[PDB]
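Protein chains in written order, with PDB author numbering: chain D, 1 to 340; chain C, 9 to 48, 204 to 251, 261 to 394; chain P, 1 to 29; chain G, 4 to 62; chain R, 24 to 100, 104 to 424; chain N, 1 to 128.
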Amino acid sequence: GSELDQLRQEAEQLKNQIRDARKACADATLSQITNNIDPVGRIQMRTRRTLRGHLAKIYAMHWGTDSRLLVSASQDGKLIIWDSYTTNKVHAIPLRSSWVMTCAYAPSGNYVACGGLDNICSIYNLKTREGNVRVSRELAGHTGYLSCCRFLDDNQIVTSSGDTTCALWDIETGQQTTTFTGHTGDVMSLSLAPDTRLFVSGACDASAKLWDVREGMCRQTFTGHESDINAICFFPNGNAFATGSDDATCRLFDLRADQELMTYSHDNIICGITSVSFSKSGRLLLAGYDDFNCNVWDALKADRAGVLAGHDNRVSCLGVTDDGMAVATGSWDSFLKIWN
Amino acid sequence: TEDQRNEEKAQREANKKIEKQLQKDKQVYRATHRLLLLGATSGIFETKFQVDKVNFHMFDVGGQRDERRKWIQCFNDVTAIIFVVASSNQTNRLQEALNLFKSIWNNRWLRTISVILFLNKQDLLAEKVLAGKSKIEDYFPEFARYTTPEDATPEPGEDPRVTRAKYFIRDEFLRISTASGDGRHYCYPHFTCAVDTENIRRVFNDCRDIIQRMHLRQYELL
Amino acid sequence: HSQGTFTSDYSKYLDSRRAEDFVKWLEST
Amino acid sequence: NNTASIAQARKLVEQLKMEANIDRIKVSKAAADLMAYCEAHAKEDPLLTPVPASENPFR
Amino acid sequence: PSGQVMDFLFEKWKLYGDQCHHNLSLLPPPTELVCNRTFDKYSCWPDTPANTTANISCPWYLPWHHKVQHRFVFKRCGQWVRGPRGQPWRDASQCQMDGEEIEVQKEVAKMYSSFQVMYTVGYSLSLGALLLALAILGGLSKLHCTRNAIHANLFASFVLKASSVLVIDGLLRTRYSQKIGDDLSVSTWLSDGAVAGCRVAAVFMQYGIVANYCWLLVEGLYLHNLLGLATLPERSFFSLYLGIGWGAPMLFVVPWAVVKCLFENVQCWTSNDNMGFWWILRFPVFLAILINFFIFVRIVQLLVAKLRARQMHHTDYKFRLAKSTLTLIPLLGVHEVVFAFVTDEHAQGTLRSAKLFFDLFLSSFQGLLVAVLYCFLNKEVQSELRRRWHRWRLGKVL
Amino acid sequence: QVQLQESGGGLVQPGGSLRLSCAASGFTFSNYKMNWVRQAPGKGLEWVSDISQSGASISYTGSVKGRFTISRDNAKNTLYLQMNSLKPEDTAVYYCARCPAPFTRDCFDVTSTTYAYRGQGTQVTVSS
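See the structure below:
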């Protein structure tokens, strides 16, 4: 194609404008600043509660903002809202489609979303008039499997699907408001910033972008990984995030420095990381691998603090409460282990 | 107080409302075969049917895209993957069915699943053997040095030149199947026929053959 | 079963030998 | 060489021109902010320092 | 009767005792007759002076009186003589039983002593290997299935078998190893109170034997239900199989005890005087083992049909078919059928001693074999043991 | 950034030989299962040849068996494809791809115009 092979090279000439100024703004590394503070040690967490209610493998899980209730979606076709203090169930919602890949609990506590291979985000109303759990809306705009969804409030919800797009919905009108195009591979997980004005999204092209909710533009793109991204989570101040992938490596990126800081890899670990999450202070980076165990990483020294291995099958999710009190882990056996 | 022990008691009584429902739904889930139709409600295309008081559950995944390395991990707890293959500017689609089969057969999460593959549209192929003046061994050059196996059932009407081209593709999937399958999961090759009351029975007789081999490996008799 | 009939044969044997030892006690004392 | 595909490359270079005009701060002043945050909230994190059972709600 | 020689001996010895006291009360008052009829514990002599060999018949209370009926016992007396300073003394060499029968009893003593140590080793190596297998199926959390539930009830059914036999063998090596004192040291032995600890252990054994054959049958009925059924079972009838295994023995042991307490009462309840009362425990054993054999046939003729296909890359079909059928015999307890139809009544000679060795060898090692073939060599169990062996060493040392 | 820059390929009469090579950059090259993909004009994307994580297992399309030979040099981080005795219907655009995970044997990569870990293309033209 004429007047195009220079355009393909004008992009690679402009990526060299990125990667030299991104290198010129690297005074040191995250290791040799940190190496004066002393580490935490062996963090021996124990299974407190074990939630035995599903039938098939569990893909997702999301805590509530009171840090007491938690949704878990499993691919038997049902969605169960637990109670983490006393192991008893408060709801059990029969889904229409059996292959559910995500779930969310609204920050007010009134709504629960889900979604999967039916390409539809389904909103459920927990505080209805007569007393039931019936479908409020069915957000049908995506042309691919829905992999993650998170509420901003009770009115709007941002989703990420396997059609390489993210979308900002509006549950009252049922239709999209802003779509977020720009990824090349299937977007697997998003994570909201704490101020809910920005979010990031890791996809299967080894690149996690950064989106702006009110405008709809991708501000900056983070490429440090080798293989497909399976998880994402903000550092709790809103200026960094960690990124799990299939090359058995977490990477703590930074927004203002605009590049990777640290690399959480150990050579005895070869299998991919299903999910990631920080603690309340951000010192610990927990990360569930494709192997049946969960590894705590000290997110500043990049040394493995502790290992939490209470699962008989690959963990499919990972969630730390808003008060930081416990850690819930789900897996492909029908079990939710709560750790602290 | 009495009041906090009053709704704590009503919270535990919500278990018996739904743990009785979970045991009600555990019965219908375990006696239902979940299959997977993939060939080589707008997105999952679920299909229920009933063969001799046995519930089946099909899933057609045509509503998705074609980078299937992520959503195929959902389908590990299925009993069998039904894998239809069209036998037919020659795009070489038949090798594409071999490489997709080789990736399912070697996937880490799909190392326990048998494949029921239907070699389809031999009526389109039995014309293209005679009407093709050259051969279609230009794509498979190891076809001239291949003979029909003796333990074969050549149905009449088709030439042995068509029978040789029909069983060569079947052995080409078993050369992938028997390379690394090591007894955990097998392959059940078939040929498509009149669909009503004869093609679903081949799925039914193979899904008994998978579960009867499944328990016999739990008892280590196979 | 075969455990019960072995136990029955052994108990009949022990009873006969205890009778013989009782007669041997009567002829010793 | 499709004309619908050359404008997709124009969508690529238009995004990268917007990613190159951004004010990046250096790592030594951006990695020091993260350890300053982990130090200030160190005692309010119930996973590093374990909690006695009268406060821990999960036992 | 049979199996109660000691009590019947003791009863008619008391009868002989007071009978000859009453018949010694008849005697007229005597001239001479210097030593004059002192009743020994053995028998009773009349008044005899100058009595170098005095002759009366052998006493009729002996268990072998039919063979010593035509002989005489001798004793001589002034006073009754004490030869080796044993204060009673007499010639009891005629009434004593022969040496050939006591030699045959010595040979069968060696036989029963050799059999009893043969399964004591067998029940010990099973009772140890099953409690280690119950700790694996209990602790290791991946292995909790419905299949390993009926394994663990079978493993706890050989433990009830092997412990209840080692108790009743200990309570017979306690009861028949004492000494013999006075009659009050024997009447305290032939009493229903001194055997009440032994009669409970007899019912505790006979329940444990039949609860084995009911749990062999259940795992015969569970694996047969799982084949031919097209799907997994819906309800998973574990309340039905646990009722056949532990409750159906009580349908036959309880009608045995209330017959063995009423009609046929001997020292311990381990002696079968009447065959018909012994058929109400072989009936849940013949009907269990026979059903297991029927299931065995139909599994193996299915297990060959899964080897007629996929045959070219197996290419031999001999070694594993001989492996898969020999690993099913212990689980279904099909070994018992070889000498089943030779019952207790018809086995008389060395076939009787051959039946009590082929069954008692294999039925004692059966608890060892099912813990090895189904717990210690199950490849999913060895997968989970190799996982928890690594997380202990990597978590502590590294 | 995962980048696959490739060279070689040009105008050649049928019977002649070429040599293609993509010097990979941005990942550990010794962990992935590299492979070549072909797109003839008017046709779909088509698989050509595999190579294992070290060089042991080698696969081919049947229509290129014996003519093409694939090679991997781990120390220089590049992937060779030695083509002998070209055909006039072998004129296409050749891509080198990689299988998306380390240490695996399965691959999902001969797909549509969207795929992440694929080179940009080298034109191979066989004519006279």
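Every residue, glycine too, gets a C-beta built ideally from N, C-alpha and C.
(message) I need the DSSP call for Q35/C, collapsed to helix, strand or coil.
(response) Three-state DSSP puts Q35/C in a helix.
(message) Within a Cβ cutoff of 8 Å, which residues of the same chain sit near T274/D, ignoring the five residues on either side of it in sequence?
(response) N230, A231, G244, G288, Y289, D290, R314, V315, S316, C317, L318
(request) Could you round the C-beta distance between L50/G and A11/D to whole angstroms and report it? I think they count as a contact, below 8 Å. (result) About 44 Å separates the two Cβ atoms, so there is no contact after all.
(request) Tell me whether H339/R sits in a helix, a strand or coil according to DSSP, three-state version. (result) coil
(request) Would you tell me roughly how many angstroms separate the C-alpha atoms of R201/R and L388/C, rounded to the nearest one? (result) 49 Å
(request) With 9 Å as the threshold, decide whether the Cβ of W36/N is near any Cβ in chain C. (result) no
(message) Counting only beta-carbon separations shorter than 9 Å, does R228/C have a partner in chain N?
(response) yes
(request) Taking only the alpha-carbon atoms, compute the straight-line gap between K32/G and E42/G and give it to the nearest angstrom. (result) One C-alpha to the other measures close to 16 Å.
(request) May I ask you to report which of helix, strand or coil DSSP gives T78/N? (result) DSSP places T78/N in strand when its eight states are reduced to three.
(message) Considering Cα atoms alone, identify which of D333/D, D247/D, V327/D is closest to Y32/N.
(response) For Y32/N, the closest C-alpha among the options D333/D, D247/D, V327/D is that of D247/D.
(message) Mapping the DSSP letters down to three states, classify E10/C as helix, strand or coil.
(response) coil
(message) Using a Cβ-Cβ cutoff of less than 8 Å, which residues in the same chain neighbour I207/C once the five nearest sequence positions on both sides are dropped?
(response) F222, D223, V224, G226
(request) Evaluate the contact criterion for the region 186-202 of chain R versus the region 233-245 of chain R: three or more CB pairs, one atom per stretch, below 8 Å. (result) In short, these stretches touch, since the Cβ pair count reaches three.
(request) Taking all protein chains shown into account, decide if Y145/R is buried (16 or more other Cβ within 10 angstroms of its Cβ) or exposed. (result) buried
(request) Taking only the alpha-carbon atoms, compute the straight-line gap between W82/D and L152/D and give it to the nearest angstrom. (result) 22 Å
(request) Measure the C-alpha to C-alpha separation of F319/R and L46/C and round it to an integer number of angstroms. (result) 44 Å
(request) With 9 Å as the C-beta to C-beta threshold (strictly closer), list the residues of the region 345-372 of chain C near chain D in chain order. (result) none
(message) Using only the alpha-carbon positions, how far apart do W211/D and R19/D sit?
(response) 21 Å
(request) With 9 Å as the threshold, decide whether the Cβ of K168/R is near any Cβ in chain D. (result) yes
(request) Return the chain-ordered list of same chain residues with a C-beta closer than 6 Å to the C-beta of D322/D, the five sequence neighbours on each side being excluded. (result) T65, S67
(message) I need the DSSP call for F246/C, collapsed to helix, strand or coil.
(response) Under the three-state reduction of DSSP, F246/C is assigned to strand.
(request) Take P114/R as the anchor and find which of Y267/R, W83/R, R60/R has the nearest alpha-carbon. (result) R60/R
(message) Just to confirm, is the Cβ distance from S25/N to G8/N under 9 Å?
(response) Against a cut-off of 9 Å, the Cβ pair of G8/N and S25/N comes out as no contact.
(message) Residues of the region 30-45 of chain G in Cβ contact with chain D at a cutoff of 9 Å, in chain order, please.
(response) Hits within the stretch, in order: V30, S31, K32, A33, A34, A35, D36, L37, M38, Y40, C41, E42, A43, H44, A45.
(request) Could you tell me whether the region 383-398 of chain R touches the region 132-149 of chain R, using the rule of 3 or more Cβ pairs below 8 Å? (result) With the cut-off at 8 Å, the region 383-398 of chain R and the region 132-149 of chain R touch.
(request) Please state if the CB of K233/C and the CB of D163/D are separated by a distance shorter than 9 Å. (result) no
(request) Give the DSSP-derived three-state secondary structure of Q27/R in the structure shown. (result) coil
(request) Quick one: list the residues of chain R neighbouring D312/D, beta-carbon separation under 7 Å, in chain order. (result) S167, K168
(request) Please confirm whether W272/R and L307/R have their CB atoms less than 9 Å apart. (result) Taking C-beta atoms as the reference points, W272/R and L307/R fail to come closer than 9 Å.
(message) Measuring straight from C-alpha to C-alpha, what distance separates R231/C and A208/D?
(response) In this structure, the alpha-carbon of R231/C lies about 20 Å from that of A208/D.
(request) Check whether the region 287-302 of chain R touches the region 321-338 of chain R, taking contact to mean three or more Cβ pairs, one atom from each stretch, closer than 8 Å. (result) no
(request) Apply the 10 Å Cβ neighbour rule to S17/N and answer buried if 16 or more other Cβ atoms are within range, or exposed otherwise. (result) exposed
(request) Name, please, each residue of chain D whose Cβ falls closer than 9 Å to the Cβ of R417/R. (result) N293, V307, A309
(request) Evaluate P82/R with the Cβ neighbour count: other Cβ atoms within 10 Å of its Cβ, from every protein chain shown; 16 or more gives buried, anything less gives exposed. (result) buried
(message) So with CB distances below 7 Å, who are the chain C contacts of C107/N?
(response) Residues of chain C passing the Cβ test: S275.
(message) Can you list, in chain order, the residues of its chain with a C-beta nearer than 7 Å to that of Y248/R? Leave out the 5 residues immediately preceding and following it.
(response) Excluding positions up to five away in sequence, the list reads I176, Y267.
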